[PDB]
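Chains as they are written, first to last, in the authors' numbering: chain C, 1 to 21; chain B, 1 to 21; chain D, 1 to 21; chain A, 1 to 21.
In this text, a Cβ means the ideal position worked out from N, Cα and C, and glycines have one as well.
In what follows, a structure is listed as structure tokens, so that the remarks can point back to it.
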């Protein structure tokens, strides 16, 4: 379903937050 | 190192259950 | 991460202070 | 002198309890 679209978008945010840039 | 291991443990374990086996 | 970068600010701010420049 | 060892030890405890064991 469309849930998976949010998940990666959520991860991209978290991963970028935990690192630089 | 904790932080890399912790982040990996989150990413791998979550996505692994997502995918078929 | 950004968070441990705060820690490194902690060490030089203190440790460098003592030692003669 | 003594204060140096105390502060150092303290830093070691900080790095231990704070960062990954």
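Residue 7 of chain A - DSSP class collapsed to helix/strand/coil: helix
Chain B contact residues for residue 20 of chain A, given Cβ-Cβ distances below 9 Å: 1, 2, 3, 5 and 6
So, using beta-carbon positions, are residue 20 of chain A and residue 2 of chain B closer together than 7 Å? yes
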